[PDB]
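Only one chain is given next, in structure tokens, and it is the form deposited without the DNA.
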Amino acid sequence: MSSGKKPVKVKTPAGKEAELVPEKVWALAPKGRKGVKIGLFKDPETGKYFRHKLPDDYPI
């Protein structure tokens, strides 16, 4: 894969579906649970930044 960033197929708040690359990624890993991740994306329709949970298996 390309060295640097990694994109995910994500729904936009505007109602689009595109593979956007998270600008900032963070995780919430509770013990006994799964390590959920959230990434901040930019919506290409409105222009705003939206955070969206990534898959727990998503490589961050």
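Throughout, we count residues from 1 along the sequence that is shown.
What comes next is about the form solved in complex with the DNA, which is not displayed.
Heavy atoms of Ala18 never reach within 4.5 Å of the DNA in the bound PDB entry, leaving it off the interface. In the bound PDB entry, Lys53 approaches the DNA with a heavy atom inside 4.5 Å. The DNA in the bound PDB entry comes within 4.5 Å of no heavy atom belonging to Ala14.
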